[PDB]
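What follows is calculated from the coordinates using simple rules that are stated; it is not laboratory data. A quick note on method: Cβ atoms are made from the backbone with ideal geometry, for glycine too, and the neighbour counts reach across all protein chains shown.
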Amino acid sequence: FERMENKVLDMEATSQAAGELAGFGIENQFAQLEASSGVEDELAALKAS
Amino acid sequence: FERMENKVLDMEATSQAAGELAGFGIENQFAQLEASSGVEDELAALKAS
Amino acid sequence: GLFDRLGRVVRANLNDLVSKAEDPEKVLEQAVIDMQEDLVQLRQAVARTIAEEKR
Amino acid sequence: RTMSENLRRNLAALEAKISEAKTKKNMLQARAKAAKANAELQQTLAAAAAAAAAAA
Amino acid sequence: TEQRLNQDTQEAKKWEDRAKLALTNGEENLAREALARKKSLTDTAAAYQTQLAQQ
C-alpha cells in the first residue's frame, strides 16, 4: 500500500509540473485578459449608436 | 451498494460536462435569443400594414 | 561543430525540397480540416477534466 | 477550477481563428485561379509573337 | 468574383444585426464575438472590389 502511494504521488507531480510550465508563455497568458480580443474601439463606436 | 453508487455518479458527471461544454459556441448561444431569426424589419413593415 | 554545420546544410535542402511539393490550392483547405478536428479532440479532453471538478 | 477557466477561454479563442481562416481560404483560392488563367494567356501571346507568321 | 462579393456584403449585415441584438440583451461579451466575425468579412470584401475592377 505504501509502495503504491508513492507511485501515485509521482504521477500527480509529473502532470502538474508539465501543465504549470505550459501555463507560461505570452499567448496563453494574454488569453486570460478580458479585453484581449481587440475590437473594443468598434465595440465602443457601436455602443455610441 | 456503495461501490455501485459511485459508478452512477461517474456517469452523471461525464454526461453533464459534455453537454455543458457543447452549450457554449456562438450558434447555440445566439439561437437562444428571441429576435435571433433576422426578419424583424419586414415583420415590422408587415406590422405597419 | 563541423558535422553540425554539414547537418544543418543537408537538413535544410531536404526541407526546401518538401516545401515546393506543397500545392497552395490543396494544402490550404487540408490545413483547415486538420485544425477543425484538433478542436474535436480538445473538447473531449477538456470535458473529461470538468467531470472531475464536479466529482 | 482555476484551470478550467483557462482552458475554457483557450477553447473559444481557437474556434474564432478557424472562422477567420475559413473566410480567407475562399478569397485566396479565387486569386490563385485568376493568376493561373492569366499566366496561360500571357504564355499564349508570347508563342504567337515568336512564330511571327505575319512577318513571313 | 462578383457573386462572392454580394454574399460577403450581405453576410456582414447579419453579424451587425446580431451584435445589436446582443447589446440590447446586455450580453456584451457575445457582441464582441459577432464584431470579430464582421471585421474579417469587410476586409475580404475590399479585396474582391480591388480584384474585380482590375479584371
Pick from the stretch C:11-55, criterion surrounded by 10 or more Cβ atoms within 10 Å (Cβ to Cβ) and β-branched (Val, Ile, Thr), ranking: farthest from the other protein chains (Cβ to nearest Cβ)
C:27
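Hey, among D:7, D:45, D:41, which residue is within 30 Å of residue C:51 (Cα to Cα), more than 10 Å from chain E (Cβ to nearest Cβ) and of a type in the set (A, V, I, L, M, F, W, C)? Spell out the reasoning first.
Working: D:45 fails: within 30 Å of residue C:51 (Cα to Cα); D:41 fails: within 30 Å of residue C:51 (Cα to Cα).
Exactly one of D:7, D:45, D:41 is within 30 Å of residue C:51 (Cα to Cα), more than 10 Å from chain E (Cβ to nearest Cβ) and of a type in the set (A, V, I, L, M, F, W, C), namely D:7.
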Assess whether residue D:35 counts as being more than 7 Å from every other protein chain (Cβ to nearest Cβ) and part of a helix (DSSP H, G or I).
yes
When restricted to E:53, E:22, the only residue more than 13 Å from the chain's Cα centre (by Cα), more than 11 Å from chain D (Cβ to nearest Cβ) and surrounded by fewer than 14 Cβ atoms within 10 Å (Cβ to Cβ) is E:53
Near pairs, Cβ below 9 angstrom, 6+ apart or cross-chain, from the stretch C:1-29 (over 28 Å from residue D:27 (Cβ atoms)) to any residue that is not in a loop (DSSP other than H, G, I, E, B)
C:1/C:7
Being in contact with a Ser or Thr (Cβ under 9 Å, 6 or more places away or on another chain), part of a helix (DSSP H, G or I), within 11 Å of chain D (Cβ to nearest Cβ) and of a type in the set (A, V, I, L, M, F, W, C) is the requirement here; does residue E:47 meet it?
no
Take the conditions more than 25 Å from residue D:12 (Cα to Cα), assigned to a helix (DSSP H, G or I) and of a type in the set (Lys, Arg) and apply them to residue E:37. Does it pass?
no
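Is it true that some residue in the stretch D:15-23 is basic (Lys, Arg), facing another protein chain (nearest Cβ under 7 Å) and assigned to a helix (DSSP H, G or I)? Show your work before the answer.
So in the stretch D:15-23, the residues basic (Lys, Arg) come out as D:17, D:22.
Within this subset, residues satisfying the condition of being facing another protein chain (nearest Cβ under 7 Å) are D:22.
Applying the additional criterion that residues be assigned to a helix (DSSP H, G or I) yields D:22.
Taking every residue of the stretch D:15-23 in turn, at least one turns out to be basic (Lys, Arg), facing another protein chain (nearest Cβ under 7 Å) and assigned to a helix (DSSP H, G or I).
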Hey, can you tell me all the residues within the stretch B:2-47 that are away from chain C (no Cβ under 14 Å) and on the phi > 0 side of the Ramachandran plot?
B:38
